[PDB]
Number of protein chains: 2
Amino acid sequence: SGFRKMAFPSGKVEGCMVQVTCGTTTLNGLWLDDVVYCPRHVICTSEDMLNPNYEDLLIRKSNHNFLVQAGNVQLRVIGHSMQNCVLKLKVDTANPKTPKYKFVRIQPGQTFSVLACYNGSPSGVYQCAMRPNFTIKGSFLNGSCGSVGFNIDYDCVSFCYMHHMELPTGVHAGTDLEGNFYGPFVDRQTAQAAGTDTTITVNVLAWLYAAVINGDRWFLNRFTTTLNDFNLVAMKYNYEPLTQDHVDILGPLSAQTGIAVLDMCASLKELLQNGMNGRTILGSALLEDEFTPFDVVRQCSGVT
Amino acid sequence: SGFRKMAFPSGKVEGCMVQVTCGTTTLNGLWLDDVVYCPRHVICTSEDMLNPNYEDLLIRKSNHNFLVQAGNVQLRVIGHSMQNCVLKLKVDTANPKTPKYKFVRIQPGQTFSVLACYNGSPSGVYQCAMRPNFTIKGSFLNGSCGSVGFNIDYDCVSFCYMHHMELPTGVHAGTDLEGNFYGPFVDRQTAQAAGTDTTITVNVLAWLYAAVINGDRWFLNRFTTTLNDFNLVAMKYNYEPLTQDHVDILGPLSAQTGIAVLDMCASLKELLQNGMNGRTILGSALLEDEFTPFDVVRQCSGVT
Ligand SMILES: CC(=O)NCc1cc(Cl)cc(CC(=O)Nc2cnccc2C)c1
Ligand SMILES: CC(=O)NCc1cc(Cl)cc(CC(=O)Nc2cnccc2C)c1
């Protein structure tokens, strides 16, 4: 028993982290096979960052201008190319620690582990979610760019995120491993609207199932609701509309606890309308939305 | 910016995890050098666990009865011994992935990362604190015994905890790497009083400094307090008494933000007496006590 915001073990990813330096800028790179992936703003100076012409900036750079260091050993760069907002640096050596991996574009509401890195070295690992507005509420400082988000299935690391920037609002923006930003964000120092964020309804319900599994049951009630009535409440409280697909993904949790999804929705409805009344659920005084139904099942069953 | 419950990167510890089987019981072991450390209840059966005579149970076991598997390879056991509540299995091979390490007995209120494991394989990593009552509020299931807690300083892994059991109250108990339980707990199936827990006052103040650093300042007020007046409030709310040593450890955070410790105590006092009023601090609706002042400095400065 017990429920924690658990991250995947970071070992397979620690072995891929490298430091990439170009000109005066140093950030993190991801070494998989003979390729190092890193944000393309590594080629910019502070003056360049207001409206950088990346194509022009990259033209002034040669393979020898990108300094890639893995721990203490220097990697030899034999090719460079830009794909969307990432640079792909071909190196003459395949990373001997390359795990089985995939590049995936996660959906908003999905979660992943982030290995925060500075100068190619890891500092910590934390679990987070891609917000409905495509930002991530992370913990990142200057030099953390190039840190990656990932998931792990048995032996395969699915890389889903690469950190690029912090918005003026303190939230974080980045790309998939093909360099496509999640959201409307561009890699330039300009005003950027993050957009209205909502609460991940299906995740809150999953976390309510995790609470029941771990003995926290005070919020269960004698009521039920319908998808339409629950969605009127979700609208009022900036919760994502719950769909039949969400109800279906909650099936395993509904089967394990014997609490129908719509009965759990009525608990969520009462909690939204009345609050916690000074009480807690799984050590939290607010409704947690950074656990997917899959995360709850994985943690409550002990999948390694 | 941003503040997260961040764990240390788990790689150095993943490389030490092994599976230990004895009789019908399988749990996790920690392979450092030519020694595998694991909970001594690995030698018990379910009937034995009510009042096990460990010395007698271990006498019926030989080196060949302890099956130690590292990934997919079997380790040869050449010695076995019991030290307090841990078994030390000498193996004929030193772990090639043994990091630089120390065995440390952490103090209550200190934090550490836990690498939860099942059958010698890691499932996740989370940050937690040794509660003042010497329990840990973790996420552990059957088979997680032997999972370890640790801290990392540059290249040295300080092992501080080994998971042994779950109390009937759902909280977790375990030992240092010498087999000494933290707290009054014994490794037997009996009633065990966890004892009154308190809130780690110095950690809440550190987290209040982290909040100011990251823009959350709504709780700052026009008031100050004294150590004695603040401690009367801490008593009333089951908060640990704040001492001059705590004030001193908060010095770096006080220097960085320019907010005197006693002024921050007056903010904490007002928050304890009036609550959050439906607001949040660093995404939390309650006062967080699982970040030490050192954790705050490390995260806010990006130490790798
Ligand atoms: C406001 C802003 O940062 N816009 C321009 C911009 C656009 C890009 Cl592609 C990159 C950067 C640097 C950057 O944001 N780094 C960073 C990352 N995470 C935490 C803290 C920092 C300082 C800056
Ligand atoms: C109530 C109780 O567990 N007492 C006896 C006892 C004492 C000891 Cl040394 C060990 C065990 C097993 C045990 O608690 N395992 C476990 C660990 N973490 C999470 C879930 C589980 C089931 C059992």
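Per chain, numbering begins at 1; letters A, B, ... match sequence-line order.
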Legend entry - Minimum heavy-atom distance between B:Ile136 and B:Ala129, given as atom pair plus value: CG2-O, 3.7 Å
Legend entry - Min side-chain heavy-atom separation A:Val247-A:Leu242 under 4.5 Å: yes
Inset, instruction - Give the C-alpha distance, both sets of side-chain angles, the deciding distance and a yes or no for side chain to side chain donor-acceptor pair (under 3.5 Å) between A:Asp33 and A:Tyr101. - result: CA-CA 10 Å; A:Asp33 302 327; A:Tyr101 76 94; 2.7 Å; yes
Inset, instruction - Check the pair A:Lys88, A:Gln83 against side chain to side chain donor-acceptor pair (under 3.5 Å), reporting the backbone distance first and the verdict last. - result: CA-CA 7 Å; A:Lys88 295 187 282 188; A:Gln83 170 182 19; 3.1 Å; yes
Legend entry - CA sep, side-chain torsions, deciding dist, call: A:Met49, A:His41, side-chain contact (heavy atoms from CB on, under 4.5 Å): CA-CA 8 Å; A:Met49 284 306 307; A:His41 70 258; 3.9 Å; yes
Inset, instruction - Say whether B:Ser1 and A:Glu166, considering side chains only, have a donor N or O and an acceptor N or O under 3.5 Å apart. - result: yes
Inset, instruction - Answer yes or no: is there a donor N or O on one side and an acceptor on the other, between the side chain of A:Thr21 and the main chain of A:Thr26, under 3.5 Å? - result: no
Legend entry - Donor-acceptor under 3.5 Å (A:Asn84 side chain, A:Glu178 main chain): yes
Inset, instruction - Flag the pair A:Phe150 / A:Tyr161 as yes when their ring centroid distance falls below 6.0 Å, and as no otherwise. - result: no
Inset, instruction - Could you go through the side-chain contact (heavy atoms from CB on, under 4.5 Å) check for A:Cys145 and A:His164 one step at a time? - result: CA-CA 5 Å; A:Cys145 309; A:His164 283 241; 5.9 Å; no
Inset, instruction - If the plane angle is over 60° it's perpendicular, under 30° parallel, otherwise tilted; pick one for A:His163 and A:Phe140. - result: parallel
Legend entry - Pairwise distance OG(A:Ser81) to CZ(A:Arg40) - rounded to 0.5 angstrom: 12.5 Å
Legend entry - A:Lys5 to B:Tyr126, cation-pi by 6.0 Å centre distance and 45° axis angle: no
Inset, instruction - With the side chain counted from C-beta on, respond yes when A:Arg60 and A:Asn65 share a heavy-atom pair under 4.5 Å apart, and no when they do not. - result: no
Legend entry - Close side-chain approach of A:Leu67 to A:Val20, heavy-atom, < 4.5 Å: no
Inset, instruction - Answer yes or no: is there a donor N or O on one side and an acceptor on the other, between the side chain of B:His172 and the main chain of B:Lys137, under 3.5 Å? - result: no
Inset, instruction - Using modelled atom types only, decide if a donor and an acceptor are shared between the side chain of A:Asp176 and the backbone of A:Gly179 within a distance under 3.5 Å. - result: yes
Inset, instruction - For residues A:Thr25 and A:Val42, report the shortest heavy-atom separation together with the two atoms involved. - result: CB-O, 3.5 Å
Inset, instruction - Under the side-chain contact (heavy atoms from CB on, under 4.5 Å) rule, what do A:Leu287 and A:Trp207 come out as? Steps first, then yes or no, please. - result: CA-CA 8 Å; A:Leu287 298 170; A:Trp207 168 84; 3.6 Å; yes
Inset, instruction - For A:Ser62 and A:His64, indicate whether the former's side chain and the latter's backbone hold a donor-acceptor pair under 3.5 Å. - result: no
Legend entry - Donor + acceptor pair across side chains of B:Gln127, B:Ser113 (<3.5 Å): yes
Legend entry - Residue A:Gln107 excluded, over 12 heavy atoms near CD under 6.0 Å: no
Inset, instruction - Tell me, yes or no, whether the heavy-atom count around A:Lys61 atom NZ, taken from other residues, nucleotides or ligands under 6.0 Å, exceeds 12. - result: yes
Inset, instruction - Could you walk me through whether A:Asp295 and A:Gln299 pass the side chain to side chain donor-acceptor pair (under 3.5 Å) test, one step at a time? - result: CA-CA 6 Å; A:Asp295 292 344; A:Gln299 182 166 174; over 6 Å; no
Inset, instruction - Classify the side-chain pair A:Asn133/A:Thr135 by whether it contains a donor and acceptor separated by less than 3.5 Å. - result: yes
Legend entry - Side-chain donor or acceptor of A:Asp48 paired with backbone N/O of A:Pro52 under 3.5 Å: no
Legend entry - Distance in Å, B:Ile213 CD1 paired with B:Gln256 CD, rounded so as to fall on 0.5 Å steps: 4.0 Å
Legend entry - Non-hydrogen side-chain atoms of A:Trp31 and A:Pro96 separated by less than 4.5 Å: yes
Legend entry - For A:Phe66 against A:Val77, the heavy-atom pair lying closest together: O-CG2, 3.4 Å
Legend entry - Gap separating the CG atom of B:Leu177 from the CG atom of B:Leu30, nearest 0.5 angstrom: 6.0 Å
Inset, instruction - Determine whether the aromatic ring centres of A:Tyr37 and A:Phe103 lie less than 6.0 Å apart. - result: yes
Inset, instruction - Please round to the nearest 0.5 Å and tell me the distance separating atom SG of A:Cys160 and atom CD1 of A:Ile106. - result: 5.0 Å
Inset, instruction - State whether the side chain of B:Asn95 and the backbone N or O of B:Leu32 hold a donor-acceptor pair below 3.5 Å, judged by distance alone. - result: no
Legend entry - More than 12 heavy atoms from other groups under 6.0 Å of CZ on A:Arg76: no
Inset, instruction - Indicate yes or no: does A:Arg4 engage B:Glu290 in a salt bridge with an N to O separation below 4.0 Å. - result: yes
Inset, instruction - Find out whether A:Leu75 and A:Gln69 are in side-chain contact, i.e. whether some heavy atom of one side chain is under 4.5 Å from a heavy atom of the other. - result: no
Inset, instruction - Decide yes or no for A:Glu288 and A:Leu286: does some side-chain heavy atom of the first lie under 4.5 Å from some side-chain heavy atom of the second? - result: yes
Inset, instruction - State, with a plain yes or no, whether a side-chain heavy atom of A:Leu250 is found less than 4.5 Å away from one of A:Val202. - result: yes
Legend entry - N-O pairing of A:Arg298 and A:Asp153 below 4.0 Å: no
Legend entry - Within-4.5 Å side-chain heavy-atom neighbours: A:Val157 and A:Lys102: no
Inset, instruction - Identify the heavy atoms of A:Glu14 and B:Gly11 that sit nearest to each other, and give their distance. - result: OE2-N, 2.8 Å
Inset, instruction - Report the C-alpha distance between A:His80 and A:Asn63 in whole Å, list the side-chain angles of each, state the deciding distance to 0.1 Å, and finish with yes or no for side chain to side chain donor-acceptor pair (under 3.5 Å). - result: CA-CA 6 Å; A:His80 70 274; A:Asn63 295 327; 2.8 Å; yes
Inset, instruction - Please check if the side chain of A:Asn28 supplies one atom and the backbone of A:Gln19 the other of a donor-acceptor pair under 3.5 Å. - result: no
Inset, instruction - Measure the spacing between CD1 of A:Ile249 and CD of A:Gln244 and express it to the nearest 0.5 Å. - result: 10.5 Å
Inset, instruction - For B:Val297 and B:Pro252, work out which heavy atoms get closest and say how close. - result: CG2-CB, 4.4 Å
Inset, instruction - Say whether, by atom type as modelled, one donor and one acceptor occur between the side chain of A:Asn214 and the main chain of A:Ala211 under 3.5 angstrom. - result: no
Legend entry - Interatomic distance, A:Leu27 atom CG to A:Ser147 atom OG [nearest 0.5 angstrom]: 9.0 Å
Legend entry - Donor-acceptor contact below 3.5 Å, side chain A:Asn119 vs main chain A:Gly143: no
Legend entry - Nearest atoms (heavy-atom pairs only) where A:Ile152 meets A:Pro9: CD1-O, 3.4 Å
Legend entry - Derivation and outcome, side-chain contact (heavy atoms from CB on, under 4.5 Å), residues B:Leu89 and B:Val35: CA-CA 5 Å; B:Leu89 308 178; B:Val35 178; over 6 Å; no
